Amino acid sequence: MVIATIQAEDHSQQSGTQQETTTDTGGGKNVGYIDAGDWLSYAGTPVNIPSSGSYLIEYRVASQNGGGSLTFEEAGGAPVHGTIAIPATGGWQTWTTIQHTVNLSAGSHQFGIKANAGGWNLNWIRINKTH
């Protein structure tokens, strides 16, 4: 069951990135020009987690050459929830969905993403129940 879909471009604050038009399914925009140090805050749109436990986080990503990684966290940087490697997809607008699990406490969260290594674009993020 889906808890939230967050379009990557709908950040309340950011550093070092730029929006661009995406040709991915559904159109709209993606965040691009993501490099080490860059970040996206979704603190403006808190998401409610109904119960403590495991959640599946999905990211809609594109990467010409691979090598990227990100850290999913609360905005401001702590606690950190998890990290994920972003694979090469064949190009900047060739999209795939990647995923990992993290533990989240129940209640209102203000999420953020920190790029540890660049080379990827982000269309949206999705938070899902597991159990």
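So that there is no doubt, residue numbering starts at 1 and follows the sequence shown.
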- request: Would you tell me which stretch averages the higher CA B-factor in the PDB entry, 108-116 or 17-25?
  value: 17-25
message: Which is higher on mean Cα B factor in this entry, 89-97 or 53-61?
response: 89-97
- prompt: Taking the Cα B-factors listed in the entry, which of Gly77, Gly37, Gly32, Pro46 comes out highest?
  reply: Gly77
field: Chain third (lowest, middle, highest) by recorded CA B-factor, residue given as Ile125
entry: middle
- request: Please rank the C-alpha B-factors of the chain's modelled residues and tell me whether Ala4 sits in the lowest, middle or highest third.
  value: lowest
